[PDB]
């Protein structure tokens, strides 16, 4: 409806067409459960094919939807630990508060974060305070919506240098079938994307990017074809001659396999082409 996305979510759909259905040079094992009320868990195994380094993630999550509450514990294989409490729609509809705690016993270094979001018709506001060692930093964002139009600002203030270190503007238009998104970062990096839901089975995206000091231009084109409900193909090219190819199949209910190939241009089937395999398991 008329409640705009967060700054970060501006351009998500186009990004989603380019990123999801590919995991080049990785073998991924995902185990998730679904409990809309109560206890949930996500375990993830990742193996880099070029390095053979193997990562492991567990996330434990209690949703208490009566109280708009979510508690999340996370663990990785570097022994880094994470707590996240989230209150949503409690003191007021569209308000969201998150207290987030981090601790790597590997380094002894902590990290706490308080994130606030307020959201209503035409406006999406955020303020994120990172209480870092060499912090805090505060990241604030405002998105305003006008009849499918979206204008955004995002800034980051590092108290150590007592200065703004990031200043991003975004402008866009957004129906369900079509999204224009444009952004400039630090008055220097230019981005734009078009996402089109061409029909129920085909998503396409175009991506543009360039720098204020530099006459060259980066672009990609991307497509996602949902052949049937249990299979989909994804392909992308960029003007650096890279080709991405992606196939996701549901083998059995709750079991999805993804095969990925990233090919280099001209030297196609003549050298260093990354492959990927993802297996997702839903219970």
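Residue numbers count along the first chain shown, from 1.
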Which is higher on mean Cα B factor in this entry, 125-133 or 141-149? 125-133
Using only the Cα atoms and their B-factors as the entry lists them, report which of 163-171 and 104-112 averages higher. 104-112
Have a look at 248, 238, 57, 215 and flag the one whose Cα has the highest B-factor in the entry. 57
Among 69, 31, 222, 242, where is the Cα temperature factor highest, going by the PDB entry? 31
Would the CA B-factor of residue 3 place it in the lowest, middle or highest third of its chain? lowest
Within-chain third of residue 275 by Cα B-factor, per the entry: highest
The third of the chain into which the C-alpha temperature factor of residue 14 falls is the lowest
Select lowest, middle or highest to describe the third in which the CA B-factor of residue 234 falls within its chain in this entry. lowest
Within this chain's modelled residues, let me know which third the CA B factor of residue 181 belongs to: lowest, middle or highest. lowest
